[PDB]
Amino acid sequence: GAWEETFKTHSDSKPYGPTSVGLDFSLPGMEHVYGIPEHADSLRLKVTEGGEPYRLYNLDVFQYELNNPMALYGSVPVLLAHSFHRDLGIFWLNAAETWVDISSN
């Protein structure tokens, strides 16, 4: 699936092949993160370790369900981290399909 790729019955000719980009960020002192809408999920974002990452890809999901990280209609790639001591934000300015993993330690 690295180049030409099919999903169900639809074919992506992917003429440029794999071009994805990724990067991680560590937030010492932070236990609570928020943002990256739109998801039918809690205000405080959940860890994605045992499941799916949060998906940012504007999609029309018929009769969408609650408490899951499926991508809904809008995507704002902005994450806020809050603690007693400080507030931080990350703004990932990318317009392509984006997945976001969150892990606590």
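So that there is no doubt, residue numbering starts at 1 and follows the sequence shown.
Q: Which wins on mean Cα temperature factor, 94 to 102 or 4 to 12?
A: Per the PDB entry, the higher value belongs to 4 to 12.
Q: Out of 76, 30, 71, 43, which shows the largest CA B-factor listed in the entry?
A: Of the candidates given, the C-alpha B-factor peaks at 30.
Q: Test of reading the entry: by CA B factor among the chain's modelled residues, which third contains residue 49?
A: CA B-factor rank for residue 49: highest third.
Q: Consider only the C-alpha atoms of the modelled residues in this chain, order them by B-factor as the entry records it, and name the third containing residue 38: lowest, middle or highest.
A: Middle third.
Q: Which third, lowest, middle or highest, does the CA B-factor of residue 18 fall in along this chain?
A: For residue 18, whose C-alpha B-factor we compare with every modelled residue in the chain, the answer is the highest third.
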